[PDB]
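Step one of this worksheet: look at the structure below.
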Amino acid sequence: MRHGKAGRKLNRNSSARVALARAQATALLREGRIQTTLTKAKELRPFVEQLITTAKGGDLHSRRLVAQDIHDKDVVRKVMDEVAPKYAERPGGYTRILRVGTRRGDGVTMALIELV
Amino acid sequence: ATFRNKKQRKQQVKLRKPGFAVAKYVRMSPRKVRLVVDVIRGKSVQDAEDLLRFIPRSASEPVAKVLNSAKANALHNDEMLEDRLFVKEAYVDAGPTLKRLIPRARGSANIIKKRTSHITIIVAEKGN
Amino acid sequence: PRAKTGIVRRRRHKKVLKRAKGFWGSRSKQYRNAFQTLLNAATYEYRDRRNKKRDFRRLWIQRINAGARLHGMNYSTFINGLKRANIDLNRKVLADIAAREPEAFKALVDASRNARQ
Amino acid sequence: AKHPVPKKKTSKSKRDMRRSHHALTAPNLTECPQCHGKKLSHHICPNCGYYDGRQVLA
RNA sequence: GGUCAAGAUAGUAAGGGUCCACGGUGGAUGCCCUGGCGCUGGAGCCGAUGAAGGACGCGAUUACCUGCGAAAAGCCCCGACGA
RNA sequence: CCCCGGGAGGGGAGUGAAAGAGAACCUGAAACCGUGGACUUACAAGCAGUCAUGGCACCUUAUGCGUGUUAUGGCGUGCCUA
RNA sequence: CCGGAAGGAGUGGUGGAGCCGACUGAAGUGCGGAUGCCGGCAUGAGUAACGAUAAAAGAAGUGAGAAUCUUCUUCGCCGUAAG
RNA sequence: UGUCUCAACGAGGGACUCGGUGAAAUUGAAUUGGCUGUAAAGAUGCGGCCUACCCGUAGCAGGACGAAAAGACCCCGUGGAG
Ligand SMILES: [Mg+2]
Ligand SMILES: [Mg+2]
Ligand SMILES: [Mg+2]
Ligand SMILES: [Mg+2]
Ligand SMILES: [Mg+2]
Ligand SMILES: [Mg+2]
Ligand SMILES: [Mg+2]
Ligand SMILES: [Mg+2]
Ligand SMILES: [Mg+2]
Ligand SMILES: [Mg+2]
Ligand SMILES: [Mg+2]
Ligand SMILES: [Mg+2]
Ligand SMILES: [Mg+2]
Ligand SMILES: [Mg+2]
Ligand SMILES: [Mg+2]
Ligand SMILES: [Mg+2]
Ligand SMILES: [Mg+2]
Ligand SMILES: [Mg+2]
Ligand SMILES: [Mg+2]
Ligand SMILES: [Mg+2]
Ligand SMILES: [Mg+2]
Ligand SMILES: [Mg+2]
Ligand SMILES: [Mg+2]
Ligand SMILES: [Mg+2]
Ligand SMILES: [Mg+2]
Ligand SMILES: [Mg+2]
Ligand SMILES: [Mg+2]
Ligand SMILES: [Mg+2]
Ligand SMILES: [Mg+2]
Ligand SMILES: [Mg+2]
Ligand SMILES: [Mg+2]
Ligand SMILES: [Mg+2]
Ligand SMILES: [Mg+2]
Ligand SMILES: [Mg+2]
Ligand SMILES: [Mg+2]
Ligand SMILES: [Mg+2]
Ligand SMILES: [Mg+2]
Ligand SMILES: [Mg+2]
Ligand SMILES: [Mg+2]
Ligand SMILES: [Mg+2]
Ligand SMILES: [Mg+2]
Ligand SMILES: [Mg+2]
Ligand SMILES: [Mg+2]
Ligand SMILES: [Mg+2]
Ligand SMILES: [Mg+2]
Ligand SMILES: [Mg+2]
Ligand SMILES: [Mg+2]
Ligand SMILES: [Mg+2]
Ligand SMILES: [Mg+2]
Ligand SMILES: [Mg+2]
Ligand SMILES: [Mg+2]
Ligand SMILES: [Mg+2]
Ligand SMILES: [Mg+2]
């Protein structure tokens with residue numbers, strides 16, 4: 001049974017679940033938009049949304065919080081001093097997804113997730 | 001156009017295949033290819049090319065390619081009206097079979113059957 | 001000289017397969033099961049050729065005493081009284097058809113009722 | 001051998017009997033409003049890349 | 001014609017069945033001989049002058065077969081044949 | 001030579017008596033897989049046939065004549081060995 | 001369609017080069033069985049499996065076509081080893 | 001001390017759904033119900049009576065005297081071997 005849910009196991013253990021959502025947040029932040037499986041995108045959406053909301057605070061604490069997950073110093077810098085400040089007057093919804101059909105090899109359906 | 005005996009009817013009536021094209025020896029099993037082909041069937045040839053663009057089977061590919069030679073042959077060799085074609089008939093039949101023996105537990109072997117397919121499809125000026 | 005089976009087996013086999021016609025499943029397309037079905041079919045054939053005559057006897061009887069009871073008689077009674085009347089010797093087939101021509105069967109009933117009072 | 005095993009070979013009829021349920025569903029394809037090609041719904045028109053505006057290359 | 005009532009019956013095929021038609025698979029059957037089998041008869045030993053059977057090579061180009069053997073798909077003499 | 005295809009494969013054109021021989025190259029049976037069509041099947045108990053009758057369909061050893069299919073009734077315990 | 005049976009003929013379709021009928025003679029001469037033999041094709045079924053639970057992600061490139069090939073940056077795994 | 005009263009919650013790998021590749025043992029043919037009775041004496045398949053619209057998917061193992069090895073026990077053979 002499962003009448004309350006944090007998201008997905010994907011098909012991975014606690015350690016990986018994390019390492020993935022971290023890496024994919026890092027790439028969407030470095031890259032503005034990326035396409036991946038529709039699932040992994042839906043799973044990415046709130047992690048990265050909350051991450052930008054953390055960095056939106058400006059003080060050293062929020063930067064060190066972001067450093068906890070985005071372990072590449074330049075992406076954290078960009079999110080801190082570039083992207084979050086831009087999202088200043090935006091109350092969430094930093095992120096959007098749109099779906100782009102189906103893949104050849106596994107016949108899986110990819111989609112794009114991009115900064116708003 | 002009556003004739004008198006076989007050999008002359010053979011030497012002056014060469015007997016053609018309008019709208020027809022075959023993809024012999026495609027390396028897929030006829031069962032799956034038949035699923036795709038069954039969705040194509042009595043259908044406008046546009047929708048044929050559409051449905052095939054958006055249907056997720058590995059067999060949509062060759063079935064699409066053959067769907068084109070029909071069109072091509074209807075419009076080049078046979079002088080038909082492309083704005084009027086449809087899939088009057090389409091079917092898959094069995095080719096030869098690549099039998100590959102494969103190993104198994106505790107010494108025995110086993111024969112895997114890579115089936116092949118003859119995908120034929122045949123277009124026509126759907127009047128009424 | 002060698003004398004392999006050649007043409008012969010296929011021809012007997014096709015003879016059975018053509019006897020098969022609308023036999024369900026393998027019964028009509030695999031030889032052995034067609035042959036075996038035709039064994040039991042032999043049984044049924046000969047015996048039914050007998051039986052059909054019991055069958056039509058039964059049906060004429062049904063109709064004849066149906067008509068006999070239309071007038072207040074019955075097969076036992078009507079058949080006997082007709083038998084008592086200078087032996088009519090109409091077949092049971094024929095008495096039925098006169099149960100398709102009621103005005104006559106009626107008079108046969110009155111006649112059987114006579115030779116019986 | 002193989003604990004459970006099947007008893008009689010299944011009929012040509014009953015085998016196609018079960019299969020009355022494997023027919024594929026054709027996509028509900030629709031006409032893209034800008035590229036004048038066909039596209040899956042709630043996805044991005046592959047032909048022109050458009051999705052009200054235009055997101056993907058080519 | 002209209003409503004209500006009571007009664008009777010039709011068509012639909014997801015799929016299946018028998019028959020037909022047209023193909024696909026497969027390679028039986030018919031025809032055929034490039035290969036065998038037996039009987040009859042013929043002929044019957046090779047080798048230290050190197051046998052039997054092989055290895056490695058020989059070609060413009062050569063993997064396999066044939067032929068040959070550093071004089072290597074071959075060299076010399078005689079007879080035959082005559083493009 | 002031309003067409004669709006990366007190809008494979010095919011459709012034309014041409015050779016040929018023939019391509020109803022095209023190099024997966026004489027014939028090309030059967031099992032086995034399919035497409036189309038006739039007649040049919042979703043209250044039904046079944047060695048699958050057999051007899052009987054009605055319905056529908058077709059007419060090249062073939063209009064009383066059937067042939068194919070079918071509904072309902074009756075009947076009906078595969079083959080062989082032992 | 002024909003004969004009492006094994007069976008035989010007519011006609012139409014294929015096929016592309018050999019073959020009926022009669023009389024006699026000789027047989028490797030007649031298949032459903034043999035857990036028979038060789039070969040082909042079915043059912044189980046689009047099922048079980050895809051071979052260590054050391055994860056993988058995004059960008060870029062090439063190409064007819066990429067989850068799987070190349071490149072970049074990260075991640076995870078062995079390290080008396082999985083050098 | 002979850003062996004147990006007596007099992008719960010959670011994890012991962014399968015099982016499930018989609019796309020790719022795709023076996024096996026077995027298979028007289030099958031249009032393959034229940035009770036009771038009868039039958040070579042344990043009946044889907046005979047008799048009577050009941051019940052039951054067509055077709056699947058996930059699952060359980062009572063039947064199909066389920067599958068596998070022409071019983072290793074037992075007897076038999078004027079069988080064999082140590
Ligand atoms: Mg998985
Ligand atoms: Mg970029
Ligand atoms: Mg907050
Ligand atoms: Mg000519
Ligand atoms: Mg081994
Ligand atoms: Mg009698
Ligand atoms: Mg009513
Ligand atoms: Mg259908
Ligand atoms: Mg000879
Ligand atoms: Mg030597
Ligand atoms: Mg040399
Ligand atoms: Mg040599
Ligand atoms: Mg020398
Ligand atoms: Mg000379
Ligand atoms: Mg000469
Ligand atoms: Mg070309
Ligand atoms: Mg070509
Ligand atoms: Mg041809
Ligand atoms: Mg030919
Ligand atoms: Mg072949
Ligand atoms: Mg070819
Ligand atoms: Mg070829
Ligand atoms: Mg020839
Ligand atoms: Mg041939
Ligand atoms: Mg149809
Ligand atoms: Mg049909
Ligand atoms: Mg009914
Ligand atoms: Mg009946
Ligand atoms: Mg004949
Ligand atoms: Mg010739
Ligand atoms: Mg013999
Ligand atoms: Mg046999
Ligand atoms: Mg016998
Ligand atoms: Mg075999
Ligand atoms: Mg395993
Ligand atoms: Mg490119
Ligand atoms: Mg990659
Ligand atoms: Mg991998
Ligand atoms: Mg690699
Ligand atoms: Mg680079
Ligand atoms: Mg080492
Ligand atoms: Mg649990
Ligand atoms: Mg679990
Ligand atoms: Mg039933
Ligand atoms: Mg009793
Ligand atoms: Mg009982
Ligand atoms: Mg019965
Ligand atoms: Mg019973
Ligand atoms: Mg009911
Ligand atoms: Mg189980
Ligand atoms: Mg057993
Ligand atoms: Mg024994
Ligand atoms: Mg002894």
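For the structure tokens, the naming scheme is as follows: chains receive sequential letters (A, B, ...) according to their order of presentation, residues are indexed from 1 within each chain, and ligands are indexed from 1 in presentation order.
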Legend entry - Contact residues (chain B, partner chain H, 12 Å, only C-alpha atoms (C1' of nucleotides)) as JSON, numbers by chain: {"B": [27, 28, 29, 32, 55, 56, 57, 58, 59, 100, 101, 102, 103, 104, 105, 108, 109, 110, 111, 112, 113, 114, 115]}
Inset, instruction - If you run DSSP over the backbone, which residues in chain C end up alpha helix (DSSP H)? Put them as number ranges by chain. - result: C: 7-20, 31-70, 75-84, 92-97, 102-114
Selection: 8 Å around region 69-80 of chain A, only C-alpha atoms (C1' of nucleotides), excl. self and same-chain fewer than 2 positions, as a PDB file with N, CA and C atoms, in the first residue's frame:
ATOM      1  N   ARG A  22      20.337  15.408  -7.444  1.00  0.00           N
ATOM      2  CA  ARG A  22      21.342  16.446  -7.325  1.00  0.00           C
ATOM      3  C   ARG A  22      21.956  16.738  -8.675  1.00  0.00           C
ATOM      4  N   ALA A  23      22.442  15.705  -9.361  1.00  0.00           N
ATOM      5  CA  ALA A  23      23.115  15.954 -10.630  1.00  0.00           C
ATOM      6  C   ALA A  23      22.186  16.679 -11.599  1.00  0.00           C
ATOM      7  N   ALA A  25      19.564  18.509 -10.962  1.00  0.00           N
ATOM      8  CA  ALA A  25      19.386  19.911 -10.650  1.00  0.00           C
ATOM      9  C   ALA A  25      20.603  20.706 -11.119  1.00  0.00           C
ATOM     10  N   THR A  26      21.801  20.141 -10.947  1.00  0.00           N
ATOM     11  CA  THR A  26      23.012  20.851 -11.341  1.00  0.00           C
ATOM     12  C   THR A  26      23.003  21.137 -12.826  1.00  0.00           C
ATOM     13  N   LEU A  29      20.407  23.772 -13.920  1.00  0.00           N
ATOM     14  CA  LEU A  29      20.819  25.116 -13.508  1.00  0.00           C
ATOM     15  C   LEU A  29      21.967  25.621 -14.359  1.00  0.00           C
ATOM     16  N   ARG A  30      22.915  24.748 -14.678  1.00  0.00           N
ATOM     17  CA  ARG A  30      24.002  25.148 -15.547  1.00  0.00           C
ATOM     18  C   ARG A  30      23.524  25.449 -16.957  1.00  0.00           C
ATOM     19  N   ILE A  52      16.227  26.752  -5.841  1.00  0.00           N
ATOM     20  CA  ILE A  52      16.315  28.162  -6.194  1.00  0.00           C
ATOM     21  C   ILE A  52      15.687  29.000  -5.093  1.00  0.00           C
ATOM     22  N   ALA A  55      18.345  29.568  -2.420  1.00  0.00           N
ATOM     23  CA  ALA A  55      19.370  30.543  -2.813  1.00  0.00           C
ATOM     24  C   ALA A  55      18.812  31.960  -2.865  1.00  0.00           C
ATOM     25  N   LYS A  56      17.504  32.078  -3.029  1.00  0.00           N
ATOM     26  CA  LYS A  56      16.817  33.352  -3.097  1.00  0.00           C
ATOM     27  C   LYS A  56      16.951  34.152  -1.802  1.00  0.00           C
ATOM     28  N   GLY A  58      20.037  34.970  -0.224  1.00  0.00           N
ATOM     29  CA  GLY A  58      21.191  35.864  -0.374  1.00  0.00           C
ATOM     30  C   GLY A  58      22.354  35.783   0.598  1.00  0.00           C
ATOM     31  N   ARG A  63      23.727  30.256   0.751  1.00  0.00           N
ATOM     32  CA  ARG A  63      24.718  29.745  -0.185  1.00  0.00           C
ATOM     33  C   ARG A  63      25.290  28.426   0.289  1.00  0.00           C
ATOM     34  N   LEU A  65      23.812  26.292   2.250  1.00  0.00           N
ATOM     35  CA  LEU A  65      22.737  25.328   2.051  1.00  0.00           C
ATOM     36  C   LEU A  65      22.756  24.798   0.631  1.00  0.00           C
ATOM     37  N   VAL A  66      22.848  25.709  -0.346  1.00  0.00           N
ATOM     38  CA  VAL A  66      22.857  25.275  -1.737  1.00  0.00           C
ATOM     39  C   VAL A  66      24.098  24.456  -2.017  1.00  0.00           C
ATOM     40  N   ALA A  67      25.212  24.822  -1.403  1.00  0.00           N
ATOM     41  CA  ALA A  67      26.433  24.055  -1.562  1.00  0.00           C
ATOM     42  C   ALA A  67      26.279  22.634  -1.066  1.00  0.00           C
ATOM     43  N   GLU A  82      23.087  35.077  -9.982  1.00  0.00           N
ATOM     44  CA  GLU A  82      22.478  35.322 -11.275  1.00  0.00           C
ATOM     45  C   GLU A  82      21.008  34.935 -11.301  1.00  0.00           C
ATOM     46  N   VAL A  83      20.700  33.666 -11.067  1.00  0.00           N
ATOM     47  CA  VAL A  83      19.364  33.168 -11.379  1.00  0.00           C
ATOM     48  C   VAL A  83      18.380  33.527 -10.280  1.00  0.00           C
ATOM     49  N   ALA A  84      18.718  33.193  -9.036  1.00  0.00           N
ATOM     50  CA  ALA A  84      17.816  33.512  -7.938  1.00  0.00           C
ATOM     51  C   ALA A  84      17.476  34.994  -7.910  1.00  0.00           C
ATOM     52  N   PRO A  85      18.437  35.893  -7.990  1.00  0.00           N
ATOM     53  CA  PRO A  85      18.070  37.299  -7.988  1.00  0.00           C
ATOM     54  C   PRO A  85      17.123  37.613  -9.110  1.00  0.00           C
TER      55      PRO A  85
END
Output as JSON lines one row per residue of chain E within 9 Å of ligand 14: the closest atom pair and its distance in Å to one decimal place, counting only C-alpha atoms (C1' of nucleotides) and all ligand atoms, sorted by chain and residue number ascending.
{"residue": "E:77", "atom": "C1'", "partner": "ligand 14", "partner_atom_place_in_ligand_line": "1 (Mg)", "distance": 8.8}
{"residue": "E:78", "atom": "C1'", "partner": "ligand 14", "partner_atom_place_in_ligand_line": "1 (Mg)", "distance": 7.9}
{"residue": "E:79", "atom": "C1'", "partner": "ligand 14", "partner_atom_place_in_ligand_line": "1 (Mg)", "distance": 8.5}
Restricted to C-alpha atoms (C1' of nucleotides), what would the selected residues look like written as a PDB file, in the first residue's frame?
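This went into result_4.pdb:
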ATOM      1  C1'   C E  77      64.344 -35.199 -77.777  1.00  0.00           C
ATOM      2  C1'   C E  78      60.919 -38.371 -80.853  1.00  0.00           C
ATOM      3  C1'   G E  79      55.689 -39.642 -83.097  1.00  0.00           C
TER       4        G E  79
END
Inset, instruction - With a distance threshold of 10 Å and counting only C-alpha atoms (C1' of nucleotides), extract the residues of chain E near chain D and express them as a count of residues only. - result: 4
Inset, instruction - Tell me the residues of chain B close to chain F, meaning within 7 Å using only C-alpha atoms (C1' of nucleotides), as a VMD selection string. - result: chain B and resid 10 to 11 21 to 24 65 68 to 69 72 to 73 76 to 77 91 to 94
Legend entry - Close residues, region 39-48 of chain D itself excluded, 10 Å, only C-alpha atoms (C1' of nucleotides), min 2 positions apart in chain, as a list in words: residues 98, 99, 100, 101 and 111 of chain A; 50, 53 and 54 of chain B; 27, 28, 29, 30, 31, 32, 33, 34, 35, 36, 37, 50, 51, 52, 54, 55, 56, 57 and 58 of chain D
Inset, instruction - Write out as a ChimeraX atom specification each polymer residue (protein, DNA or RNA) that has an atom no more than 12 Å from ligand 52, with only C-alpha atoms (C1' of nucleotides) and all ligand atoms counted. - result: /H:69-72,76
Legend entry - For region 9-26 of chain C: contacts at 10 Å, only C-alpha atoms (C1' of nucleotides), fewer than 4 positions along chain excluded, given as a ChimeraX atom specification: /C:5,30-38 /D:11-13 /E:17-19,28-29 /F:29-30,48-49,68-69 /G:30-31 /H:29-31
Give as a PDB file with C-alpha atoms (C1' of nucleotides), in the first residue's frame the residues surrounding ligand 23 up to a distance of 12 Å, considering only C-alpha atoms (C1' of nucleotides) and all ligand atoms.
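Generated file (part27.pdb):
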ATOM      1  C1'   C E  31      11.475 -35.364 -65.408  1.00  0.00           C
ATOM      2  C1'   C E  32      16.866 -35.294 -65.615  1.00  0.00           C
TER       3        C E  32
ATOM      4  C1'   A F  18       8.396 -17.850 -71.862  1.00  0.00           C
ATOM      5  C1'   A F  21      12.838 -18.793 -66.214  1.00  0.00           C
ATOM      6  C1'   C F  26      12.545 -26.915 -63.161  1.00  0.00           C
ATOM      7  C1'   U F  27       8.271 -29.003 -60.914  1.00  0.00           C
TER       8        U F  27
ATOM      9  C1'   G G  15       3.527 -27.603 -65.982  1.00  0.00           C
ATOM     10  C1'   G G  16       7.270 -27.517 -69.585  1.00  0.00           C
ATOM     11  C1'   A G  17       9.290 -33.099 -72.168  1.00  0.00           C
ATOM     12  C1'   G G  18       8.331 -37.248 -71.977  1.00  0.00           C
TER      13        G G  18
END
Legend entry - Protein and nucleic acid residues within 8 Å of ligand 20 (only C-alpha atoms (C1' of nucleotides) and all ligand atoms) as a PyMOL selection string: (chain B and resi 96) or (chain E and resi 25-27) or (chain F and resi 24)
Inset, instruction - Show me which bits of chain C are within 8 Å of chain G, counting only C-alpha atoms (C1' of nucleotides), as number ranges by chain. - result: C: 1-5, 8, 32
Go ahead and save the picked residues with N, CA, C and O atoms, as a tab-separated table (two decimals), in the first residue's frame.
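And here is the file that came out, result-v7.tsv:
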chain	number	residue	atom	x	y	z
C	1	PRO	N	14.55	-54.49	-58.75
C	1	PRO	CA	14.02	-53.12	-58.91
C	1	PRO	C	13.35	-52.55	-57.65
C	1	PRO	O	12.60	-53.26	-56.95
C	2	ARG	N	13.65	-51.28	-57.37
C	2	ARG	CA	12.98	-50.53	-56.31
C	2	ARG	C	11.57	-50.17	-56.74
C	2	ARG	O	11.26	-50.09	-57.94
C	3	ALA	N	10.69	-49.97	-55.76
C	3	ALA	CA	9.32	-49.60	-56.10
C	3	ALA	C	8.73	-48.78	-54.94
C	3	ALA	O	7.78	-49.16	-54.27
C	4	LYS	N	9.28	-47.58	-54.75
C	4	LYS	CA	8.94	-46.71	-53.64
C	4	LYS	C	7.48	-46.29	-53.72
C	4	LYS	O	6.79	-46.51	-54.71
C	5	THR	N	6.99	-45.71	-52.62
C	5	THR	CA	5.56	-45.44	-52.53
C	5	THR	C	5.09	-44.46	-53.59
C	5	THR	O	3.97	-44.60	-54.11
C	8	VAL	N	1.13	-43.25	-54.67
C	8	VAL	CA	-0.03	-44.02	-54.20
C	8	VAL	C	-0.53	-43.50	-52.87
C	8	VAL	O	-1.74	-43.34	-52.65
C	32	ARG	N	-4.67	-38.67	-40.51
C	32	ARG	CA	-5.00	-39.73	-39.58
C	32	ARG	C	-6.28	-39.41	-38.86
C	32	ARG	O	-7.15	-40.28	-38.70
Legend entry - Protein and nucleic acid residues within 12 Å of ligand 51 (only C-alpha atoms (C1' of nucleotides) and all ligand atoms) as an MDAnalysis selection string: (chainID D and resid 1 3:5) or (chainID H and resid 64:69 71)
Preceding selection exported with N, CA, C and O atoms (P, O5', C5', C4', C3', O3' and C1' of nucleotides) as a PDB file, in the first residue's frame:
ATOM      1  N   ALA D   1      11.793 -33.142 -15.147  1.00  0.00           N
ATOM      2  CA  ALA D   1      11.498 -32.030 -16.072  1.00  0.00           C
ATOM      3  C   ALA D   1      10.874 -30.741 -15.383  1.00  0.00           C
ATOM      4  O   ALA D   1      11.483 -30.121 -14.486  1.00  0.00           O
ATOM      5  N   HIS D   3       7.955 -29.393 -13.484  1.00  0.00           N
ATOM      6  CA  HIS D   3       6.739 -29.502 -12.674  1.00  0.00           C
ATOM      7  C   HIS D   3       5.563 -29.133 -13.571  1.00  0.00           C
ATOM      8  O   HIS D   3       5.297 -29.918 -14.474  1.00  0.00           O
ATOM      9  N   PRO D   4       4.864 -27.998 -13.472  1.00  0.00           N
ATOM     10  CA  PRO D   4       3.675 -27.845 -14.333  1.00  0.00           C
ATOM     11  C   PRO D   4       4.042 -27.872 -15.800  1.00  0.00           C
ATOM     12  O   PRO D   4       5.019 -27.251 -16.224  1.00  0.00           O
ATOM     13  N   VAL D   5       3.218 -28.571 -16.580  1.00  0.00           N
ATOM     14  CA  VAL D   5       3.334 -28.594 -18.042  1.00  0.00           C
ATOM     15  C   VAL D   5       1.946 -28.676 -18.640  1.00  0.00           C
ATOM     16  O   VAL D   5       0.999 -29.150 -17.997  1.00  0.00           O
TER      17      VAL D   5
ATOM     18  P     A H  64      -5.842 -36.512 -11.073  1.00  0.00           P
ATOM     19  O5'   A H  64      -6.213 -36.000 -12.529  1.00  0.00           O
ATOM     20  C5'   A H  64      -7.407 -36.436 -13.159  1.00  0.00           C
ATOM     21  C4'   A H  64      -7.581 -35.787 -14.506  1.00  0.00           C
ATOM     22  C3'   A H  64      -6.466 -36.041 -15.500  1.00  0.00           C
ATOM     23  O3'   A H  64      -6.618 -37.292 -16.142  1.00  0.00           O
ATOM     24  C1'   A H  64      -6.980 -33.730 -15.469  1.00  0.00           C
ATOM     25  P     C H  65      -5.340 -38.203 -16.489  1.00  0.00           P
ATOM     26  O5'   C H  65      -5.312 -39.300 -15.337  1.00  0.00           O
ATOM     27  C5'   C H  65      -4.095 -39.711 -14.734  1.00  0.00           C
ATOM     28  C4'   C H  65      -4.256 -39.799 -13.239  1.00  0.00           C
ATOM     29  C3'   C H  65      -3.162 -40.521 -12.478  1.00  0.00           C
ATOM     30  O3'   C H  65      -2.015 -39.713 -12.250  1.00  0.00           O
ATOM     31  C1'   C H  65      -5.286 -41.236 -11.703  1.00  0.00           C
ATOM     32  P     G H  66      -0.822 -39.616 -13.327  1.00  0.00           P
ATOM     33  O5'   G H  66      -1.164 -38.270 -14.116  1.00  0.00           O
ATOM     34  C5'   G H  66      -1.748 -37.152 -13.459  1.00  0.00           C
ATOM     35  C4'   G H  66      -1.678 -35.900 -14.302  1.00  0.00           C
ATOM     36  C3'   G H  66      -0.311 -35.599 -14.896  1.00  0.00           C
ATOM     37  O3'   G H  66      -0.111 -36.203 -16.169  1.00  0.00           O
ATOM     38  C1'   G H  66      -1.018 -33.738 -13.642  1.00  0.00           C
ATOM     39  P     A H  67       1.081 -37.270 -16.380  1.00  0.00           P
ATOM     40  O5'   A H  67       2.354 -36.380 -16.692  1.00  0.00           O
ATOM     41  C5'   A H  67       2.486 -35.657 -17.901  1.00  0.00           C
ATOM     42  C4'   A H  67       3.644 -34.725 -17.763  1.00  0.00           C
ATOM     43  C3'   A H  67       4.993 -35.406 -17.693  1.00  0.00           C
ATOM     44  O3'   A H  67       5.515 -35.728 -18.948  1.00  0.00           O
ATOM     45  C1'   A H  67       4.803 -33.850 -15.923  1.00  0.00           C
ATOM     46  P     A H  68       5.968 -37.239 -19.171  1.00  0.00           P
ATOM     47  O5'   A H  68       7.438 -37.238 -18.573  1.00  0.00           O
ATOM     48  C5'   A H  68       8.392 -36.285 -19.005  1.00  0.00           C
ATOM     49  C4'   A H  68       9.596 -36.295 -18.100  1.00  0.00           C
ATOM     50  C3'   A H  68      10.196 -37.663 -17.833  1.00  0.00           C
ATOM     51  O3'   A H  68      11.175 -37.984 -18.788  1.00  0.00           O
ATOM     52  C1'   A H  68       9.858 -36.533 -15.797  1.00  0.00           C
ATOM     53  P     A H  69      10.843 -39.115 -19.868  1.00  0.00           P
ATOM     54  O5'   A H  69      11.470 -40.445 -19.222  1.00  0.00           O
ATOM     55  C5'   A H  69      12.856 -40.724 -19.334  1.00  0.00           C
ATOM     56  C4'   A H  69      13.316 -41.545 -18.175  1.00  0.00           C
ATOM     57  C3'   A H  69      12.724 -42.939 -18.098  1.00  0.00           C
ATOM     58  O3'   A H  69      13.413 -43.896 -18.890  1.00  0.00           O
ATOM     59  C1'   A H  69      12.549 -41.872 -15.994  1.00  0.00           C
ATOM     60  P     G H  71      10.630 -49.285 -16.687  1.00  0.00           P
ATOM     61  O5'   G H  71      10.568 -48.516 -15.311  1.00  0.00           O
ATOM     62  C5'   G H  71       9.475 -48.683 -14.406  1.00  0.00           C
ATOM     63  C4'   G H  71       9.972 -48.793 -12.973  1.00  0.00           C
ATOM     64  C3'   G H  71      10.333 -50.201 -12.509  1.00  0.00           C
ATOM     65  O3'   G H  71      11.557 -50.182 -11.791  1.00  0.00           O
ATOM     66  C1'   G H  71       8.844 -49.199 -10.978  1.00  0.00           C
TER      67        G H  71
END
Inset, instruction - One decimal, Å: what's the distance from atom 1 (Mg, counted along the ligand's line) of ligand 18 over to CA of residue 44 (chain B), could you say? - result: 28.2 Å
Compile the residues of chain A that lie within 10 Å of chain B, evaluated using only C-alpha atoms, and express the compilation as a PDB file with N, CA, C and O atoms, in the first residue's frame.
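So the final result, stored in out_16.pdb, reads:
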ATOM      1  N   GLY A 101       7.330  13.591 -27.326  1.00  0.00           N
ATOM      2  CA  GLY A 101       7.282  12.318 -28.040  1.00  0.00           C
ATOM      3  C   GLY A 101       8.260  11.256 -27.534  1.00  0.00           C
ATOM      4  O   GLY A 101       8.842  11.350 -26.465  1.00  0.00           O
ATOM      5  N   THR A 102       8.469  10.252 -28.365  1.00  0.00           N
ATOM      6  CA  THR A 102       8.918   8.964 -27.878  1.00  0.00           C
ATOM      7  C   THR A 102      10.266   8.594 -28.480  1.00  0.00           C
ATOM      8  O   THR A 102      10.584   8.985 -29.598  1.00  0.00           O
ATOM      9  N   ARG A 103      11.056   7.828 -27.737  1.00  0.00           N
ATOM     10  CA  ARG A 103      12.422   7.481 -28.110  1.00  0.00           C
ATOM     11  C   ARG A 103      12.482   6.171 -28.899  1.00  0.00           C
ATOM     12  O   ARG A 103      11.587   5.320 -28.831  1.00  0.00           O
ATOM     13  N   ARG A 104      13.566   6.008 -29.658  1.00  0.00           N
ATOM     14  CA  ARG A 104      13.653   4.812 -30.489  1.00  0.00           C
ATOM     15  C   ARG A 104      13.931   3.569 -29.678  1.00  0.00           C
ATOM     16  O   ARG A 104      13.203   2.596 -29.802  1.00  0.00           O
ATOM     17  N   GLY A 105      14.981   3.577 -28.853  1.00  0.00           N
ATOM     18  CA  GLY A 105      15.591   2.323 -28.401  1.00  0.00           C
ATOM     19  C   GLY A 105      14.789   1.566 -27.348  1.00  0.00           C
ATOM     20  O   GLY A 105      14.619   0.342 -27.438  1.00  0.00           O
ATOM     21  N   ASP A 106      14.308   2.274 -26.329  1.00  0.00           N
ATOM     22  CA  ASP A 106      13.428   1.721 -25.308  1.00  0.00           C
ATOM     23  C   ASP A 106      11.991   2.160 -25.501  1.00  0.00           C
ATOM     24  O   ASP A 106      11.133   1.817 -24.694  1.00  0.00           O
ATOM     25  N   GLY A 107      11.719   2.964 -26.515  1.00  0.00           N
ATOM     26  CA  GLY A 107      10.349   3.354 -26.758  1.00  0.00           C
ATOM     27  C   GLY A 107       9.743   4.106 -25.605  1.00  0.00           C
ATOM     28  O   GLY A 107       8.544   3.959 -25.344  1.00  0.00           O
ATOM     29  N   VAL A 108      10.590   4.881 -24.854  1.00  0.00           N
ATOM     30  CA  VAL A 108      10.263   5.741 -23.716  1.00  0.00           C
ATOM     31  C   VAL A 108       9.964   7.136 -24.229  1.00  0.00           C
ATOM     32  O   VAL A 108      10.506   7.549 -25.258  1.00  0.00           O
TER      33      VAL A 108
END
